[PDB]
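Examination of the molecular architecture
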Amino acid sequence: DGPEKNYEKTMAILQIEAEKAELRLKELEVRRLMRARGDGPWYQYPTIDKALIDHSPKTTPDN
Amino acid sequence: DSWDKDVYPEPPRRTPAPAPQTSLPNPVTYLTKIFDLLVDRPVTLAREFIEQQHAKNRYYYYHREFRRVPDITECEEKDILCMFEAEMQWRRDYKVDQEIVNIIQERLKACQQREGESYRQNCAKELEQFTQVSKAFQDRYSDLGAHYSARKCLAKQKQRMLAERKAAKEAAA
């Protein structure tokens with residue numbers, strides 16, 4: 001096949017690779033930031049649900 | 001002819017026109033015409049056959065033409081597309097340089113025997129055009145490791161420009 005075949009295929013190879021590599025670097029950075037700050041979807045560790053608590057009046061007041 | 005004197009130089013031919021001082025027949029001319037008659041003519045007519053059958057069905061080819069592309073100096077860093085294109089262009093220009101220095105190699109090599117014991121004075125200009133093709137080559141392509149890249153070539157050009165600017169400013173203090 002003509003040189004244009006291989007060459008046109010290969011810059012597409014390089015573009016896909018680079019658009020994956022900078023994505024990998026940004027993924028490392030995002031994962032670190034979101035493990036440290038935590039203000040986002042993942043790396044959010046569980047907590048206590050607010051539905052378990054009860055607000056109805058109790059036997060003794062001020063509790 | 002297929003070639004030309006401009007890129008394949010050749011000194012004008014000159015022969016002594018032998019005029020023997022003796023009456024003995026000249027042998028070399030006789031053996032040459034004999035070798036012409038029993039060797040040159042049959043191969044000549046065979047090639048006549050070949051030339052006519054070539055002309056019977058002729059096909060052509062063309063110079064595979066390219067075009068200029070953005071180079072590393074104009075290539076953006078991390079821009080892999082123009083990066084690869086400039087790499088291709090620079091490598092083919094490197095091959096161009098190797099080929100042209102090969103032509104100068106053959107020019108000077110053939111000139112040495114062409115000009116004789118006089119080669120030291122007629123090929124000197126040819127030698128003059130060699131002592132400058134090497135040095136400039138060393139300026140454009142030299143010491144580029146074994147993974148030579150258009151980026152590394154640009155880095156070497158960077159060395160050259162900083163060195164020449166340094167010399168210019170140290171001359172100007």
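Residues numbered from 1 in each chain as written, not as in the entry; some residues may be left out. Chains lettered and ligands numbered in written order. Part of a larger assembly, values for the part shown. Heavy atoms only, no water.

- Determination of this PDB entry was carried out by cryo-EM to a resolution of 3.4 Å, according to the record.

- Identification of chain B as NADH dehydrogenase [ubiquinone] 1 beta subcomplex subunit 10 from Sus scrofa is taken from the PDB entry.
- As stated in UniProt under Subcellular location (unreviewed entry), the record for chain B gives "Mitochondrion inner membrane". (UniProt positions renumbered as here; feature names shortened; annotations may be inferred.)

- Named according to the PDB entry, chain A is NADH dehydrogenase [ubiquinone] 1 beta subcomplex subunit 5, mitochondrial originating from Sus scrofa.

**A word on the interface of chain A and chain B**
- Contact residues are listed per partner, giving seven residues for chain A and five residues for chain B.
- For the chain A and chain B pair, buried surface summed over both sides reaches about 560 Å², with 85% attributable to carbon and sulfur atoms.
- Among the residues chain A hides against chain B, the three largest losses belong to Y7(A), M11(A) and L14(A). Together they make up 56% of the total.
- Joining chain A to chain B, the criterion identifies zero salt bridges.
- Of the residues contributing to the side of chain A that touches chain B, the split by class is five nonpolar, two polar and no charged. (Contact = heavy atoms within 4.5 Å. Buried area = accessible area lost by both parts, 1.4 Å probe. Salt bridge = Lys/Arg side-chain N within 4 Å of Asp/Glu carboxyl O. Nonpolar A, V, L, I, M, F, W, Y, C, P; charged D, E, K, R; others polar.)

**Overview of the nonpolar core**
All names here are of chain B.
- Counting residues in each nonpolar core, the largest one holds 17 residues, and the members touching the most others are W90 and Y141.
- Elements represented by at least two residues in this core include exactly α2 (80-115), α4 (124-140) and α5 (150-171).
- Here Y141 is in contact with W90, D93, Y94, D97, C153 and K156, once residues within four sequence places are set aside. (Core = buried A, V, L, I, M, F, W, Y, C linked by side-chain atoms within 4.5 Å. Buried < 20%, exposed > 50% of the residue type's maximum accessible area, 1.4 Å probe, protein only. Helix = DSSP H or I, 4+ residues; strand = E, 2+ residues; numbered from the N terminus.)

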